[PDB]
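K.L.:
PDB, C-alpha atoms (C1' of nucleotides), file upload16.pdb:
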ATOM      1  CA  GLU A   1     139.269 101.712 113.965  1.00  0.00           C
ATOM      2  CA  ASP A   2     139.379 104.469 111.336  1.00  0.00           C
ATOM      3  CA  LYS A   3     143.077 105.021 112.073  1.00  0.00           C
ATOM      4  CA  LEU A   4     143.921 101.322 111.860  1.00  0.00           C
ATOM      5  CA  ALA A   5     141.824 101.148 108.681  1.00  0.00           C
ATOM      6  CA  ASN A   6     144.307 103.525 107.031  1.00  0.00           C
ATOM      7  CA  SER A   7     147.262 102.135 105.089  1.00  0.00           C
ATOM      8  CA  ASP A   8     149.938 104.242 106.812  1.00  0.00           C
ATOM      9  CA  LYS A   9     152.584 102.284 108.710  1.00  0.00           C
ATOM     10  CA  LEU A  10     152.482 102.691 112.501  1.00  0.00           C
ATOM     11  CA  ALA A  11     153.808 100.765 115.481  1.00  0.00           C
ATOM     12  CA  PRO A  12     152.387  97.223 115.823  1.00  0.00           C
ATOM     13  CA  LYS A  13     151.834  97.861 119.536  1.00  0.00           C
ATOM     14  CA  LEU A  14     150.008 101.067 118.597  1.00  0.00           C
ATOM     15  CA  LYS A  15     147.856  99.102 116.141  1.00  0.00           C
ATOM     16  CA  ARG A  16     147.094  96.564 118.883  1.00  0.00           C
ATOM     17  CA  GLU A  17     146.083  99.416 121.203  1.00  0.00           C
ATOM     18  CA  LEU A  18     143.862 100.883 118.474  1.00  0.00           C
ATOM     19  CA  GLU A  19     142.254  97.460 117.998  1.00  0.00           C
ATOM     20  CA  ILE A  20     141.665  97.311 121.767  1.00  0.00           C
ATOM     21  CA  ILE A  21     139.995 100.738 121.643  1.00  0.00           C
ATOM     22  CA  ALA A  22     137.902  99.556 118.681  1.00  0.00           C
ATOM     23  CA  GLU A  23     136.805  96.488 120.664  1.00  0.00           C
ATOM     24  CA  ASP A  24     135.862  98.750 123.581  1.00  0.00           C
ATOM     25  CA  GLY A  25     133.922 100.937 121.155  1.00  0.00           C
ATOM     26  CA  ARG A  26     132.067  97.896 119.821  1.00  0.00           C
ATOM     27  CA  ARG A  27     131.267  96.907 123.409  1.00  0.00           C
ATOM     28  CA  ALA A  28     129.895 100.430 123.877  1.00  0.00           C
ATOM     29  CA  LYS A  29     127.809  99.972 120.707  1.00  0.00           C
ATOM     30  CA  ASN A  30     126.331  96.815 122.204  1.00  0.00           C
ATOM     31  CA  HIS A  31     125.782  98.303 125.675  1.00  0.00           C
ATOM     32  CA  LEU A  32     123.861 101.220 124.177  1.00  0.00           C
ATOM     33  CA  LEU A  33     121.792  98.815 122.049  1.00  0.00           C
ATOM     34  CA  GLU A  34     120.731  96.612 124.982  1.00  0.00           C
ATOM     35  CA  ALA A  35     120.166  99.843 126.902  1.00  0.00           C
ATOM     36  CA  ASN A  36     117.646 100.983 124.278  1.00  0.00           C
ATOM     37  CA  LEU A  37     115.971  97.603 123.624  1.00  0.00           C
ATOM     38  CA  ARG A  38     113.357  98.479 126.261  1.00  0.00           C
ATOM     39  CA  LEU A  39     112.399 101.758 124.578  1.00  0.00           C
ATOM     40  CA  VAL A  40     112.224 100.177 121.136  1.00  0.00           C
ATOM     41  CA  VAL A  41     110.011  97.435 122.618  1.00  0.00           C
ATOM     42  CA  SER A  42     107.720 100.125 124.051  1.00  0.00           C
ATOM     43  CA  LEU A  43     107.519 102.024 120.775  1.00  0.00           C
ATOM     44  CA  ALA A  44     106.937  98.760 118.882  1.00  0.00           C
ATOM     45  CA  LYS A  45     104.041  97.878 121.192  1.00  0.00           C
ATOM     46  CA  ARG A  46     102.790 101.372 120.358  1.00  0.00           C
ATOM     47  CA  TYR A  47     102.373 100.170 116.740  1.00  0.00           C
ATOM     48  CA  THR A  48     101.143  96.592 117.202  1.00  0.00           C
ATOM     49  CA  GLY A  49      97.880  94.862 116.307  1.00  0.00           C
ATOM     50  CA  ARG A  50      97.659  96.077 112.692  1.00  0.00           C
ATOM     51  CA  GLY A  51      98.289  92.929 110.667  1.00  0.00           C
ATOM     52  CA  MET A  52     102.000  92.655 111.521  1.00  0.00           C
ATOM     53  CA  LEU A  53     103.424  90.614 114.383  1.00  0.00           C
ATOM     54  CA  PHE A  54     104.870  92.145 117.539  1.00  0.00           C
ATOM     55  CA  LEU A  55     108.360  90.644 117.327  1.00  0.00           C
ATOM     56  CA  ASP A  56     108.710  91.658 113.669  1.00  0.00           C
ATOM     57  CA  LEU A  57     107.922  95.251 114.657  1.00  0.00           C
ATOM     58  CA  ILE A  58     110.435  95.011 117.516  1.00  0.00           C
ATOM     59  CA  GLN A  59     113.182  93.770 115.194  1.00  0.00           C
ATOM     60  CA  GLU A  60     112.477  96.373 112.502  1.00  0.00           C
ATOM     61  CA  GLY A  61     112.583  99.060 115.174  1.00  0.00           C
ATOM     62  CA  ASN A  62     115.877  97.525 116.295  1.00  0.00           C
ATOM     63  CA  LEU A  63     117.220  98.089 112.779  1.00  0.00           C
ATOM     64  CA  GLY A  64     115.970 101.665 113.031  1.00  0.00           C
ATOM     65  CA  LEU A  65     117.677 101.993 116.410  1.00  0.00           C
ATOM     66  CA  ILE A  66     121.063 100.833 115.152  1.00  0.00           C
ATOM     67  CA  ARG A  67     120.529 103.394 112.385  1.00  0.00           C
ATOM     68  CA  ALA A  68     119.892 105.908 115.187  1.00  0.00           C
ATOM     69  CA  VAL A  69     123.065 105.002 117.080  1.00  0.00           C
ATOM     70  CA  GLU A  70     125.011 105.230 113.816  1.00  0.00           C
ATOM     71  CA  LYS A  71     123.802 108.842 113.404  1.00  0.00           C
ATOM     72  CA  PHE A  72     124.030 110.091 117.010  1.00  0.00           C
ATOM     73  CA  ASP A  73     126.465 112.694 118.328  1.00  0.00           C
ATOM     74  CA  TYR A  74     127.307 113.988 121.796  1.00  0.00           C
ATOM     75  CA  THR A  75     127.903 117.568 120.601  1.00  0.00           C
ATOM     76  CA  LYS A  76     124.187 118.347 120.784  1.00  0.00           C
ATOM     77  CA  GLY A  77     123.140 118.389 124.428  1.00  0.00           C
ATOM     78  CA  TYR A  78     120.056 116.169 124.226  1.00  0.00           C
ATOM     79  CA  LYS A  79     119.192 112.719 125.526  1.00  0.00           C
ATOM     80  CA  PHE A  80     119.335 109.626 123.337  1.00  0.00           C
ATOM     81  CA  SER A  81     115.627 108.801 123.684  1.00  0.00           C
ATOM     82  CA  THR A  82     114.168 111.921 122.057  1.00  0.00           C
ATOM     83  CA  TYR A  83     116.517 111.529 119.077  1.00  0.00           C
ATOM     84  CA  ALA A  84     116.063 107.767 118.744  1.00  0.00           C
ATOM     85  CA  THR A  85     112.249 108.023 118.812  1.00  0.00           C
ATOM     86  CA  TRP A  86     112.056 109.611 115.346  1.00  0.00           C
ATOM     87  CA  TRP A  87     114.097 106.799 113.775  1.00  0.00           C
ATOM     88  CA  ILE A  88     112.127 104.141 115.670  1.00  0.00           C
TER      89      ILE A  88
ATOM     90  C1'  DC B   1      97.665 102.341  -0.088  1.00  0.00           C
ATOM     91  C1'  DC B   2     100.967 103.547   2.942  1.00  0.00           C
ATOM     92  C1'  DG B   3     100.640 107.859   6.170  1.00  0.00           C
ATOM     93  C1'  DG B   4      99.450 110.342   9.553  1.00  0.00           C
ATOM     94  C1'  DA B   5      96.802 111.224  13.815  1.00  0.00           C
ATOM     95  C1'  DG B   6      94.767 109.582  17.838  1.00  0.00           C
ATOM     96  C1'  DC B   7      94.826 106.254  21.141  1.00  0.00           C
ATOM     97  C1'  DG B   8      96.780 102.137  24.685  1.00  0.00           C
ATOM     98  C1'  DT B   9     100.212 100.640  27.187  1.00  0.00           C
ATOM     99  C1'  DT B  10     104.774 100.911  29.328  1.00  0.00           C
ATOM    100  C1'  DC B  11     108.699 102.772  31.170  1.00  0.00           C
ATOM    101  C1'  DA B  12     113.259 106.507  32.872  1.00  0.00           C
ATOM    102  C1'  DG B  13     114.539 111.737  34.388  1.00  0.00           C
ATOM    103  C1'  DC B  14     113.581 114.419  38.948  1.00  0.00           C
ATOM    104  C1'  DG B  15     109.845 115.758  42.801  1.00  0.00           C
ATOM    105  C1'  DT B  16     107.100 115.074  47.201  1.00  0.00           C
ATOM    106  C1'  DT B  17     105.209 112.370  50.632  1.00  0.00           C
ATOM    107  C1'  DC B  18     105.231 108.200  54.114  1.00  0.00           C
ATOM    108  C1'  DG B  19     106.916 104.415  57.595  1.00  0.00           C
ATOM    109  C1'  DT B  20     109.378 103.962  61.057  1.00  0.00           C
ATOM    110  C1'  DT B  21     113.104 106.072  64.635  1.00  0.00           C
ATOM    111  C1'  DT B  22     115.536 109.402  68.150  1.00  0.00           C
ATOM    112  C1'  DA B  23     116.803 112.458  71.465  1.00  0.00           C
ATOM    113  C1'  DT B  24     114.623 116.250  74.549  1.00  0.00           C
ATOM    114  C1'  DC B  25     111.051 118.049  77.466  1.00  0.00           C
ATOM    115  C1'  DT B  26     106.786 117.688  81.367  1.00  0.00           C
ATOM    116  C1'  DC B  27     104.327 114.863  84.455  1.00  0.00           C
ATOM    117  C1'  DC B  28     104.187 111.157  87.501  1.00  0.00           C
ATOM    118  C1'  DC B  29     105.719 106.989  90.232  1.00  0.00           C
ATOM    119  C1'  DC B  30     108.839 104.965  93.619  1.00  0.00           C
ATOM    120  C1'  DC B  31     112.693 104.297  96.934  1.00  0.00           C
ATOM    121  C1'  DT B  32     116.142 105.999 100.399  1.00  0.00           C
ATOM    122  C1'  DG B  33     117.049 109.644 103.902  1.00  0.00           C
ATOM    123  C1'  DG B  34     115.439 113.413 107.984  1.00  0.00           C
ATOM    124  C1'  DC B  35     113.165 114.964 111.558  1.00  0.00           C
ATOM    125  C1'  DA B  36     116.550 116.333 117.843  1.00  0.00           C
ATOM    126  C1'  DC B  37     112.307 118.906 125.500  1.00  0.00           C
ATOM    127  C1'  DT B  38     111.355 113.935 127.057  1.00  0.00           C
ATOM    128  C1'  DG B  39     108.609 110.167 126.149  1.00  0.00           C
ATOM    129  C1'  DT B  40     112.751 102.530 128.159  1.00  0.00           C
ATOM    130  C1'  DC B  41     107.994  96.102 129.075  1.00  0.00           C
ATOM    131  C1'  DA B  42     101.937  94.508 125.881  1.00  0.00           C
ATOM    132  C1'  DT B  43      98.608  90.870 125.356  1.00  0.00           C
ATOM    133  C1'  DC B  44      94.368  88.486 126.421  1.00  0.00           C
ATOM    134  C1'  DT B  45      94.017  83.816 126.462  1.00  0.00           C
ATOM    135  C1'  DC B  46      91.755  79.208 128.550  1.00  0.00           C
ATOM    136  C1'  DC B  47      87.068  76.453 131.316  1.00  0.00           C
ATOM    137  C1'  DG B  48      80.354  72.932 131.092  1.00  0.00           C
ATOM    138  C1'  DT B  49      84.616  68.188 124.004  1.00  0.00           C
ATOM    139  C1'  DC B  50      85.525  63.174 124.950  1.00  0.00           C
ATOM    140  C1'  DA B  51      86.982  58.932 125.163  1.00  0.00           C
ATOM    141  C1'  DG B  52      90.241  56.190 125.774  1.00  0.00           C
ATOM    142  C1'  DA B  53      94.425  55.032 124.380  1.00  0.00           C
ATOM    143  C1'  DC B  54      99.650  55.526 123.494  1.00  0.00           C
ATOM    144  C1'  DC B  55     103.459  57.232 125.203  1.00  0.00           C
ATOM    145  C1'  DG B  56     107.254  59.354 127.669  1.00  0.00           C
ATOM    146  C1'  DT B  57     108.044  61.520 131.698  1.00  0.00           C
ATOM    147  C1'  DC B  58     108.925  61.828 136.768  1.00  0.00           C
ATOM    148  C1'  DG B  59     109.133  61.681 141.682  1.00  0.00           C
ATOM    149  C1'  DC B  60     108.365  58.201 145.215  1.00  0.00           C
ATOM    150  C1'  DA B  61     109.623  53.594 146.703  1.00  0.00           C
TER     151       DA B  61
END
Write the structure described by the file as C-alpha coordinates, please.
P.N.:
Amino acid sequence: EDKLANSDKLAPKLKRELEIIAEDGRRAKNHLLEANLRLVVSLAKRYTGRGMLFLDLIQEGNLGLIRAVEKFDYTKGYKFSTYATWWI
DNA sequence: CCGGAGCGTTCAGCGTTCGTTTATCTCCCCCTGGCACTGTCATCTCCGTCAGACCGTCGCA
(Lines of atoms letter the chains of each structure in order from A and count residues from 1; the text may use other names and numbers.)
(Lines give C-alpha, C1' and ligand atoms only; values in the text may rest on other atoms or scores of the structure.)
Protein backbone atom coordinates (compact mmCIF):
# COMPACT_ATOMS: atom_id res chain seq x y z
CA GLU A 1 0.00 0.00 0.00
CA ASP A 2 2.99 2.31 0.49
CA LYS A 3 4.19 1.51 -3.04
CA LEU A 4 0.77 2.12 -4.60
CA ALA A 5 0.53 5.31 -2.51
CA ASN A 6 3.52 6.68 -4.44
CA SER A 7 2.96 8.75 -7.58
CA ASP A 8 5.36 6.80 -9.82
CA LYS A 9 3.78 5.12 -12.83
CA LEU A 10 3.74 1.31 -12.73
CA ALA A 11 1.81 -1.44 -14.46
CA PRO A 12 -1.96 -1.39 -13.78
CA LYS A 13 -1.85 -5.15 -13.18
CA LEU A 14 1.01 -4.56 -10.74
CA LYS A 15 -1.07 -1.90 -8.97
CA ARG A 16 -3.99 -4.35 -8.78
CA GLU A 17 -1.66 -6.96 -7.27
CA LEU A 18 -0.38 -4.40 -4.75
CA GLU A 19 -3.98 -3.55 -3.84
CA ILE A 20 -4.65 -7.28 -3.37
CA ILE A 21 -1.63 -7.53 -1.05
CA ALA A 22 -2.88 -4.45 0.82
CA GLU A 23 -6.30 -6.08 1.25
CA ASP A 24 -4.60 -9.22 2.57
CA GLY A 25 -2.60 -7.05 4.95
CA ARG A 26 -5.78 -5.38 6.19
CA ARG A 27 -7.30 -8.84 6.71
CA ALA A 28 -4.19 -9.68 8.74
CA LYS A 29 -4.71 -6.48 10.76
CA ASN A 30 -8.24 -7.61 11.55
CA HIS A 31 -7.27 -11.23 12.32
CA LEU A 32 -4.65 -10.05 14.81
CA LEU A 33 -7.18 -7.67 16.40
CA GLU A 34 -9.85 -10.34 16.95
CA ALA A 35 -7.02 -12.60 18.10
CA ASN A 36 -6.13 -10.11 20.85
CA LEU A 37 -9.69 -9.08 21.83
CA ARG A 38 -9.64 -11.79 24.52
CA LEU A 39 -6.45 -10.48 26.14
CA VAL A 40 -7.66 -6.88 26.06
CA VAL A 41 -10.93 -8.05 27.66
CA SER A 42 -8.92 -9.76 30.41
CA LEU A 43 -6.76 -6.71 31.05
CA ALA A 44 -9.85 -4.47 31.01
CA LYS A 45 -11.53 -6.66 33.62
CA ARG A 46 -8.29 -6.21 35.56
CA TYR A 47 -9.15 -2.49 35.80
CA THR A 48 -12.93 -2.55 36.29
CA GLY A 49 -15.17 -1.46 39.16
CA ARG A 50 -13.64 2.00 39.68
CA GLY A 51 -16.36 4.36 38.48
CA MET A 52 -15.98 3.53 34.77
CA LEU A 53 -17.99 0.90 32.92
CA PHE A 54 -16.55 -2.41 31.75
CA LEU A 55 -17.30 -2.04 28.03
CA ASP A 56 -15.85 1.48 27.96
CA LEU A 57 -12.61 0.11 29.43
CA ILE A 58 -12.65 -2.71 26.86
CA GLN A 59 -13.06 -0.28 23.97
CA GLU A 60 -10.38 2.12 25.22
CA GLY A 61 -8.03 -0.84 25.60
CA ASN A 62 -8.99 -1.79 22.05
CA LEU A 63 -7.79 1.64 20.91
CA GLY A 64 -4.58 1.00 22.84
CA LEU A 65 -4.29 -2.40 21.17
CA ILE A 66 -4.61 -1.03 17.64
CA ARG A 67 -1.92 1.44 18.73
CA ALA A 68 0.10 -1.62 19.80
CA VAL A 69 -0.36 -3.41 16.47
CA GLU A 70 0.60 -0.20 14.67
CA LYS A 71 3.92 -0.18 16.58
CA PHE A 72 4.80 -3.90 16.54
CA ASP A 73 7.68 -5.51 14.64
CA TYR A 74 8.73 -9.10 14.01
CA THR A 75 12.46 -8.31 14.16
CA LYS A 76 12.46 -8.56 17.95
CA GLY A 77 11.90 -12.19 18.91
CA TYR A 78 9.15 -11.73 21.50
CA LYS A 79 5.47 -12.64 21.64
CA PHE A 80 2.73 -10.13 20.92
CA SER A 81 1.15 -10.37 24.39
CA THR A 82 4.07 -9.09 26.47
CA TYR A 83 4.48 -6.10 24.15
CA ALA A 84 0.76 -5.35 23.85
CA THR A 85 0.24 -5.43 27.64
CA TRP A 86 2.12 -2.16 28.21
CA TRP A 87 -0.04 -0.30 25.68
CA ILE A 88 -3.22 -1.89 27.05
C1' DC B 1 4.66 113.41 43.08
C1' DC B 2 6.17 110.26 40.02
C1' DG B 3 9.95 106.58 41.14
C1' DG B 4 11.77 102.94 42.73
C1' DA B 5 11.64 98.62 45.42
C1' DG B 6 9.20 94.81 47.01
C1' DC B 7 5.61 91.89 46.23
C1' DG B 8 1.61 88.81 43.43
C1' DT B 9 0.56 86.48 39.72
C1' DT B 10 1.50 84.31 35.27
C1' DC B 11 3.90 82.26 31.75
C1' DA B 12 8.26 80.15 27.99
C1' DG B 13 13.45 78.06 27.75
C1' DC B 14 15.37 73.24 29.13
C1' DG B 15 15.52 69.27 32.98
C1' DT B 16 13.83 64.98 35.45
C1' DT B 17 10.45 61.87 36.70
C1' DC B 18 6.01 58.87 35.79
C1' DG B 19 2.29 55.82 33.32
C1' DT B 20 1.96 52.42 30.75
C1' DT B 21 4.37 48.63 27.45
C1' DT B 22 7.72 44.76 25.66
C1' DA B 23 10.59 41.13 24.96
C1' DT B 24 13.51 37.65 27.79
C1' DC B 25 14.24 34.56 31.59
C1' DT B 26 12.62 30.74 35.62
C1' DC B 27 9.04 27.99 37.41
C1' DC B 28 5.07 25.36 36.76
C1' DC B 29 1.03 23.10 34.38
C1' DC B 30 -0.69 19.95 30.85
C1' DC B 31 -0.93 16.72 26.88
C1' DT B 32 1.04 13.08 23.77
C1' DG B 33 4.39 9.19 23.54
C1' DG B 34 7.30 4.73 25.79
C1' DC B 35 7.97 1.01 28.26
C1' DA B 36 9.30 -5.40 25.09
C1' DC B 37 10.13 -13.28 29.61
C1' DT B 38 4.93 -14.28 29.53
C1' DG B 39 0.81 -12.95 31.49
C1' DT B 40 -6.02 -14.12 25.88
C1' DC B 41 -13.33 -14.32 29.25
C1' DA B 42 -15.74 -10.95 34.93
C1' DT B 43 -19.89 -10.02 37.48
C1' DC B 44 -23.17 -10.80 41.14
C1' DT B 45 -27.79 -10.33 40.56
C1' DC B 46 -32.96 -11.89 41.82
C1' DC B 47 -36.87 -14.33 45.82
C1' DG B 48 -41.62 -13.70 51.70
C1' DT B 49 -44.62 -6.14 46.72
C1' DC B 50 -49.43 -6.54 44.82
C1' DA B 51 -53.29 -6.29 42.54
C1' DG B 52 -55.38 -6.60 38.80
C1' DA B 53 -55.52 -5.10 34.49
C1' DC B 54 -53.90 -4.29 29.49
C1' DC B 55 -51.67 -6.19 26.06
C1' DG B 56 -49.11 -8.88 22.71
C1' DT B 57 -47.28 -13.13 22.29
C1' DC B 58 -47.36 -18.20 21.39
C1' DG B 59 -47.99 -23.07 21.07
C1' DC B 60 -51.91 -26.20 21.06
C1' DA B 61 -56.31 -27.17 18.89
K.L.:
Quick one: which residues from chain B are at most 12 Å off chain A, using only C-alpha atoms (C1' of nucleotides), as a list in words?
P.N.:
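Matching residues, ligands excluded from the count: residues 33, 34, 35, 36, 37, 38, 39, 40, 41, 42 and 43 of chain B.
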K.L.:
Could the residues in this selection be saved with C-alpha atoms (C1' of nucleotides) as an mmCIF file, keeping the file's coordinate frame?
P.N.:
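Everything below was put into selection21.cif:
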data_model
loop_
_atom_site.group_PDB
_atom_site.id
_atom_site.type_symbol
_atom_site.label_atom_id
_atom_site.label_comp_id
_atom_site.auth_asym_id
_atom_site.auth_seq_id
_atom_site.Cartn_x
_atom_site.Cartn_y
_atom_site.Cartn_z
ATOM 1 C "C1'" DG B 33 117.049 109.644 103.902
ATOM 2 C "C1'" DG B 34 115.439 113.413 107.984
ATOM 3 C "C1'" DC B 35 113.165 114.964 111.558
ATOM 4 C "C1'" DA B 36 116.550 116.333 117.843
ATOM 5 C "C1'" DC B 37 112.307 118.906 125.500
ATOM 6 C "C1'" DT B 38 111.355 113.935 127.057
ATOM 7 C "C1'" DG B 39 108.609 110.167 126.149
ATOM 8 C "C1'" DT B 40 112.751 102.530 128.159
ATOM 9 C "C1'" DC B 41 107.994 96.102 129.075
ATOM 10 C "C1'" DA B 42 101.937 94.508 125.881
ATOM 11 C "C1'" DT B 43 98.608 90.870 125.356
#
K.L.:
Rounded to one decimal in Å, what is the spacing between atom CA of residue 64 of chain A and atom CA of residue 33 of chain A?
P.N.:
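Those two atoms sit 11.1 Å apart.
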K.L.:
Could you jot down the atom CA of residue 1 of chain A to atom CA of residue 18 of chain A separation for me, Å, one decimal place?
P.N.:
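Computing the Euclidean distance for atom CA of residue 1 of chain A and atom CA of residue 18 of chain A yields 6.5 Å.
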K.L.:
What are the centre and the three edge lengths of an axis-aligned box that wraps all atoms of segment 69-76 of chain A in the file, given that 3 Å is added to every side, written as lines of an AutoDock Vina configuration file and rounded to one decimal in Å?
P.N.:
center_x = 125.5
center_y = 111.7
center_z = 117.6
size_x = 10.8
size_y = 19.3
size_z = 14.4
K.L.:
In Å to one decimal, how far is atom CA of residue 28 of chain A from atom CA of residue 88 of chain A?
P.N.:
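Rounded to one decimal, the two atoms are 19.9 Å apart.
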K.L.:
Pull the neighbourhood of (123.1, 101.8, 117.3) for me: all residues within 7 Å in file coordinates, counting only C-alpha atoms (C1' of nucleotides), as a VMD selection string.
P.N.:
chain A and resid 29 32 to 33 65 to 70
K.L.:
Please return segment 19-54 of chain A, rebuilt to N, CA and C atoms, as an mmCIF file, in the frame of the given file.
P.N.:
data_model
loop_
_atom_site.group_PDB
_atom_site.id
_atom_site.type_symbol
_atom_site.label_atom_id
_atom_site.label_comp_id
_atom_site.auth_asym_id
_atom_site.auth_seq_id
_atom_site.Cartn_x
_atom_site.Cartn_y
_atom_site.Cartn_z
ATOM 1 N N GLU A 19 143.211 98.560 118.078
ATOM 2 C CA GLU A 19 142.254 97.460 117.998
ATOM 3 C C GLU A 19 141.549 97.245 119.334
ATOM 4 N N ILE A 20 142.275 97.412 120.442
ATOM 5 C CA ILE A 20 141.665 97.311 121.767
ATOM 6 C C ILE A 20 140.620 98.408 121.959
ATOM 7 N N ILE A 21 140.947 99.634 121.542
ATOM 8 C CA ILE A 21 139.995 100.738 121.643
ATOM 9 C C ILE A 21 138.788 100.489 120.745
ATOM 10 N N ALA A 22 139.011 99.893 119.570
ATOM 11 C CA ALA A 22 137.902 99.556 118.681
ATOM 12 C C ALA A 22 137.002 98.488 119.294
ATOM 13 N N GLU A 23 137.596 97.501 119.968
ATOM 14 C CA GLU A 23 136.805 96.488 120.664
ATOM 15 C C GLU A 23 135.995 97.105 121.798
ATOM 16 N N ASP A 24 136.598 98.036 122.541
ATOM 17 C CA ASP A 24 135.862 98.750 123.581
ATOM 18 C C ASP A 24 134.729 99.577 122.983
ATOM 19 N N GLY A 25 134.973 100.193 121.826
ATOM 20 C CA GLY A 25 133.922 100.937 121.155
ATOM 21 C C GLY A 25 132.781 100.051 120.695
ATOM 22 N N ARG A 26 133.104 98.852 120.206
ATOM 23 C CA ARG A 26 132.067 97.896 119.821
ATOM 24 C C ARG A 26 131.275 97.424 121.035
ATOM 25 N N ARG A 27 131.959 97.230 122.166
ATOM 26 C CA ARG A 27 131.267 96.907 123.409
ATOM 27 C C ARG A 27 130.335 98.040 123.821
ATOM 28 N N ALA A 28 130.763 99.287 123.609
ATOM 29 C CA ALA A 28 129.895 100.430 123.877
ATOM 30 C C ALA A 28 128.696 100.455 122.933
ATOM 31 N N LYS A 29 128.915 100.118 121.653
ATOM 32 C CA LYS A 29 127.809 99.972 120.707
ATOM 33 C C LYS A 29 126.776 99.001 121.248
ATOM 34 N N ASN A 30 127.236 97.808 121.640
ATOM 35 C CA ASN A 30 126.331 96.815 122.204
ATOM 36 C C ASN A 30 125.608 97.368 123.423
ATOM 37 N N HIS A 31 126.365 97.875 124.405
ATOM 38 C CA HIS A 31 125.782 98.303 125.675
ATOM 39 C C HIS A 31 124.705 99.358 125.466
ATOM 40 N N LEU A 32 124.918 100.276 124.520
ATOM 41 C CA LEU A 32 123.861 101.220 124.177
ATOM 42 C C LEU A 32 122.666 100.514 123.536
ATOM 43 N N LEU A 33 122.914 99.494 122.704
ATOM 44 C CA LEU A 33 121.792 98.815 122.049
ATOM 45 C C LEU A 33 120.930 98.029 123.044
ATOM 46 N N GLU A 34 121.545 97.242 123.937
ATOM 47 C CA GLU A 34 120.731 96.612 124.982
ATOM 48 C C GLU A 34 120.241 97.601 126.032
ATOM 49 N N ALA A 35 120.800 98.810 126.093
ATOM 50 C CA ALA A 35 120.166 99.843 126.902
ATOM 51 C C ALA A 35 118.847 100.287 126.283
ATOM 52 N N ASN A 36 118.813 100.432 124.961
ATOM 53 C CA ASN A 36 117.646 100.983 124.278
ATOM 54 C C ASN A 36 116.668 99.925 123.760
ATOM 55 N N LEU A 37 116.944 98.634 123.989
ATOM 56 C CA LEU A 37 115.971 97.603 123.624
ATOM 57 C C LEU A 37 114.622 97.814 124.308
ATOM 58 N N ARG A 38 114.624 98.276 125.561
ATOM 59 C CA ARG A 38 113.357 98.479 126.261
ATOM 60 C C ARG A 38 112.521 99.574 125.602
ATOM 61 N N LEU A 39 113.154 100.686 125.215
ATOM 62 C CA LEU A 39 112.399 101.758 124.578
ATOM 63 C C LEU A 39 111.929 101.364 123.187
ATOM 64 N N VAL A 40 112.727 100.588 122.444
ATOM 65 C CA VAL A 40 112.224 100.177 121.136
ATOM 66 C C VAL A 40 111.099 99.157 121.291
ATOM 67 N N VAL A 41 111.127 98.341 122.349
ATOM 68 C CA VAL A 41 110.011 97.435 122.618
ATOM 69 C C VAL A 41 108.746 98.225 122.936
ATOM 70 N N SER A 42 108.877 99.288 123.734
ATOM 71 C CA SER A 42 107.720 100.125 124.051
ATOM 72 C C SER A 42 107.159 100.797 122.800
ATOM 73 N N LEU A 43 108.031 101.357 121.965
ATOM 74 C CA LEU A 43 107.519 102.024 120.775
ATOM 75 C C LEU A 43 107.025 101.035 119.723
ATOM 76 N N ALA A 44 107.481 99.781 119.769
ATOM 77 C CA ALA A 44 106.937 98.760 118.882
ATOM 78 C C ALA A 44 105.573 98.276 119.356
ATOM 79 N N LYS A 45 105.374 98.171 120.674
ATOM 80 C CA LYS A 45 104.041 97.878 121.192
ATOM 81 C C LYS A 45 103.089 99.042 120.965
ATOM 82 N N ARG A 46 103.624 100.250 120.773
ATOM 83 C CA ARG A 46 102.790 101.372 120.358
ATOM 84 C C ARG A 46 102.183 101.170 118.973
ATOM 85 N N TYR A 47 102.787 100.328 118.130
ATOM 86 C CA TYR A 47 102.373 100.170 116.740
ATOM 87 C C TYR A 47 101.955 98.737 116.417
ATOM 88 N N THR A 48 101.480 97.990 117.409
ATOM 89 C CA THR A 48 101.143 96.592 117.202
ATOM 90 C C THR A 48 99.665 96.433 116.850
ATOM 91 N N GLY A 49 99.270 95.195 116.572
ATOM 92 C CA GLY A 49 97.880 94.862 116.307
ATOM 93 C C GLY A 49 97.302 95.446 115.036
ATOM 94 N N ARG A 50 98.102 95.540 113.976
ATOM 95 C CA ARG A 50 97.659 96.077 112.692
ATOM 96 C C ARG A 50 98.131 95.185 111.550
ATOM 97 N N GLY A 51 97.957 93.875 111.710
ATOM 98 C CA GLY A 51 98.289 92.929 110.667
ATOM 99 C C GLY A 51 99.737 92.493 110.615
ATOM 100 N N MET A 52 100.595 93.030 111.478
ATOM 101 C CA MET A 52 102.000 92.655 111.521
ATOM 102 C C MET A 52 102.350 92.255 112.946
ATOM 103 N N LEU A 53 103.158 91.205 113.079
ATOM 104 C CA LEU A 53 103.424 90.614 114.383
ATOM 105 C C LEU A 53 104.251 91.551 115.260
ATOM 106 N N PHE A 54 104.202 91.286 116.567
ATOM 107 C CA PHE A 54 104.870 92.145 117.539
ATOM 108 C C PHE A 54 106.386 92.044 117.420
#
